[PDB]
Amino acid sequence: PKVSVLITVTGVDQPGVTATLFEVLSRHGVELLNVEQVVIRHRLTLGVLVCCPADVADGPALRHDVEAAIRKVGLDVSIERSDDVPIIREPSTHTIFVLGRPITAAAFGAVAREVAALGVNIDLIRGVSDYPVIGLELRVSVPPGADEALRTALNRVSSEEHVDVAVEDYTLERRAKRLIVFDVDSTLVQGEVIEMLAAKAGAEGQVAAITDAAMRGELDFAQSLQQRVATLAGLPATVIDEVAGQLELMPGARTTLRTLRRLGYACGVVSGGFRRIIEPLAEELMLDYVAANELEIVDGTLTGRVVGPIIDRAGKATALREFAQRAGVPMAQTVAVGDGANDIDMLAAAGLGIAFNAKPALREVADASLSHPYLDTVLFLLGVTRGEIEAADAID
């Protein structure tokens, strides 16, 4: 172990190259400092930093043994005294997810040039999904203080090209996420429950219009919920179970929750909706925490009011904190997914706030935006790949 030598083997993948190389090196006094190898589309690259006696490195036996063995079977090898080279690359600082249906070449090219223009190095690119959407990951090394610019640059690329682009800190701490909360309406569940209750009153049109104004930040949430629930005054309480049994999970929601249990996440829901509807489901979904509002009932009939206190925008953040404290999870390790301005405060306080098919008020504040109608695209933003989900699911 006097001097360091770098051996690099490239060419068309073949059986036995890795084994052949280290057997040859063992006829010389070689100890390993670092080995990197990958095969991409049958192209092999094998990089080996070793140290050996200055005697062997300075003489032609090591080189002739390596070169003859590698060249004989079809590949190429270079050999060079390094001494100055890094031993082992540093970790990426950040990771970038690109989700599209499709992802065009132009979309990806724009990301790559956006990245380059900021002096960001691409350390790795891989696929993470081929269904329900194409998903691609770039691990990168961002110059210090450039990552605000990078998110800004990539959000434009995202809108201009019709791909989701999420930039996420790739450090040990920030990526040990352990706790996720979903908004219910238009996030975990298709549609808006309060609209399904109002349909029982022939008020769906009015309620839906107030809901869209509320979910765009156009109306104060508390006022908007009182106006909407009022249209329910007089309906019998039986209507709750009825709507409860009508609900449909967002597509990919079961996969999302099941996969997140495999990873040991605490899972909960924070809703402006109604505990009597969400609890039946949270229990069916084996959740750990429910926060919701409560409908007032008199003589088995809805009064058109809710029983305070009301979970408003600020209250959803407050439930997240409460959930994180009870679970023993620092807030930087929490995930919130929602769709409306109702969720702005909850996404800001979460470690990672995901806007799922969201109104512009939310998209503008989220750490990340998803634009396709599959809730399991959340799994890709949490470092999970399609193939891994299918492996786990197939093993049962």
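From 1 onward, residues are counted along the sequence shown.
Engineer: Can you tell me which stretch has the higher mean Cα B-factor, 104-112 or 76-84?
Structural biologist: Between 104-112 and 76-84, it is 76-84 that shows the higher mean C-alpha B-factor.
Engineer: Please work out which of 345-353 and 51-59 has the higher mean CA B-factor as recorded in the PDB entry.
Structural biologist: If you average the C-alpha B-factors of 345-353 and of 51-59, the larger mean comes out for 51-59.
Engineer: Identify, among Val140, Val128, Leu287, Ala230, the residue whose C-alpha carries the highest B-factor in the deposited PDB entry.
Structural biologist: The listed residue with the largest C-alpha B-factor is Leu287.
Engineer: Could you tell me which one of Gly252, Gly308, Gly304, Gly135 shows the highest CA temperature factor in the PDB record?
Structural biologist: Answer, based on the entry's C-alpha B-factors: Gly308.
Engineer: With respect to C-alpha B-factor, does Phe97 fall in the lowest, middle or highest third of the chain as deposited?
Structural biologist: Lowest third of the chain for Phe97's C-alpha B-factor.
Engineer: Check where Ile7 lands among this chain's C-alpha B-factors and tell me if it's the lowest, middle or highest third.
Structural biologist: Within its chain, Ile7 is a lowest-third residue by C-alpha B-factor, going by the deposited values.
Engineer: Would the CA B-factor of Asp220 place it in the lowest, middle or highest third of its chain?
Structural biologist: Highest third.
Engineer: Against its chain's modelled residues, does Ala244's Cα B factor rank lowest, middle or highest third?
Structural biologist: For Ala244, whose C-alpha B-factor we compare with every modelled residue in the chain, the answer is the highest third.
Engineer: Sort the modelled residues of this chain by their C-alpha B factor and say whether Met331 lands in the lowest, middle or highest third.
Structural biologist: Middle third - that is where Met331 ends up once the chain's C-alpha B-factors are sorted.
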